[PDB]
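**Student:** Can you read through this structure? Questions will come right after.
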Amino acid sequence: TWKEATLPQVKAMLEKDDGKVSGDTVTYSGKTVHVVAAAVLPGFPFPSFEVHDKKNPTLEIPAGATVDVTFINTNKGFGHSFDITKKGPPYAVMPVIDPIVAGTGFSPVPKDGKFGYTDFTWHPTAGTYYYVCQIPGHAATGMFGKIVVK
Ligand SMILES: [Cu+]
């Protein structure tokens, strides 16, 4: 479900991502990993996803791990989504990415000084997946990243 957090809270959650960055790649390790993504942190290009302070990085996940994903929409005016699919780029204006493997659906826009966020779990099998936002035109212009489970 959808929850709300104040800026100090958002800032504290962003540090909860336990991957290591190398180039434009974030590598996770362990039985349970925590991915913390944000939709357009302030200062970053629009439209885009930020994970561990990097723009649309490629995520490296160990096959068999339990993936705990936390998604925060910090972009004023838009209700970005965070959906995992198997279909890769390029995406159309209205992406055709069914079936979604795991996803959040459209998020609430920031309001009253609070930002919406949600959590979901994922147990993926080895392979290649893509996290994308389904708002028309967004994925088409770069709001997607790659996930490598191996
Ligand atoms: Cu979006």
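Lettering and numbering for the structure tokens are positional, with chains as A, B, ... in the shown order, residues counted from 1 in each chain, and ligands counted from 1 in the shown order.
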Which residues are near ligand 1 in this structure, taking near to mean any atom at most 8 Å from a ligand atom and counting only C-alpha atoms and all ligand atoms? Format them as a list in words.

**Tutor:**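 Answer in the requested format: residues 39, 47, 48, 78, 79, 80, 81, 132, 133, 134, 135, 136, 138, 139 and 143 of chain A.
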
**Student:** Would you put the residues from that selection into a file with N, CA and C atoms, as a compact mmCIF listing (two decimals), in the first residue's frame?

**Tutor:**
```txt
# COMPACT_ATOMS: atom_id res chain seq x y z
N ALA A 39 11.89 8.56 -7.65
CA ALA A 39 11.52 9.11 -8.93
C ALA A 39 11.92 10.59 -8.99
N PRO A 47 12.75 12.77 -17.26
CA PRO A 47 12.30 11.91 -16.15
C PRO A 47 13.33 10.83 -15.88
N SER A 48 13.54 10.48 -14.62
CA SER A 48 14.52 9.45 -14.31
C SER A 48 14.35 8.81 -12.92
N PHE A 78 3.99 14.83 -10.63
CA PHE A 78 3.84 13.56 -11.35
C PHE A 78 3.79 12.33 -10.46
N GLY A 79 2.94 11.39 -10.84
CA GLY A 79 2.80 10.15 -10.08
C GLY A 79 3.48 8.99 -10.79
N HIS A 80 4.80 9.03 -10.82
CA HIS A 80 5.59 7.99 -11.46
C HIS A 80 5.29 6.62 -10.88
N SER A 81 5.55 5.57 -11.66
CA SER A 81 5.37 4.20 -11.19
C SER A 81 6.73 3.50 -11.28
N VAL A 132 10.71 0.11 -15.13
CA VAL A 132 10.24 1.25 -15.90
C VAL A 132 9.04 1.98 -15.30
N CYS A 133 8.84 3.22 -15.72
CA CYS A 133 7.70 4.00 -15.26
C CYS A 133 6.70 3.96 -16.41
N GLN A 134 5.44 3.66 -16.12
CA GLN A 134 4.41 3.58 -17.16
C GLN A 134 3.67 4.85 -17.55
N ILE A 135 4.08 6.00 -17.02
CA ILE A 135 3.39 7.23 -17.41
C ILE A 135 3.74 7.48 -18.87
N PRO A 136 2.72 7.61 -19.72
CA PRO A 136 2.95 7.85 -21.14
C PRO A 136 4.10 8.80 -21.47
N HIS A 138 7.19 8.63 -20.56
CA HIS A 138 8.33 8.58 -19.67
C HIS A 138 9.40 7.55 -20.02
N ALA A 139 9.02 6.28 -20.15
CA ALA A 139 9.98 5.24 -20.50
C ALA A 139 10.56 5.58 -21.86
N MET A 143 13.10 6.87 -18.82
CA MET A 143 12.86 6.51 -17.42
C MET A 143 12.77 4.99 -17.24
```

**Student:** Applying 8 Å and only C-alpha atoms, which residues near residue A:126 remain after dropping the ones on its own chain fewer than 3 positions away? List them as number ranges by chain.

**Tutor:** A: 63-64, 148-150

**Student:** When you draw a straight line from atom CA of residue A:77 to atom CA of residue A:92, how long is it in Å?

**Tutor:**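 Atom CA of residue A:92 lies at a distance of 22.2 Å from atom CA of residue A:77.
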
**Student:** Using only C-alpha atoms, which residue out of A:43, A:23, A:113, A:95 lies closest to residue A:137?

**Tutor:** A:95

**Student:** Pull the alpha helix (DSSP H) assignments for chain A out of DSSP run on the backbone, and list those residues as a count of residues only.

**Tutor:** 8

**Student:** What is the atom CA of residue A:73 to atom CA of residue A:59 distance in Å?

**Tutor:**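 Result for atom CA of residue A:73 versus atom CA of residue A:59: 19.0 Å, one decimal.
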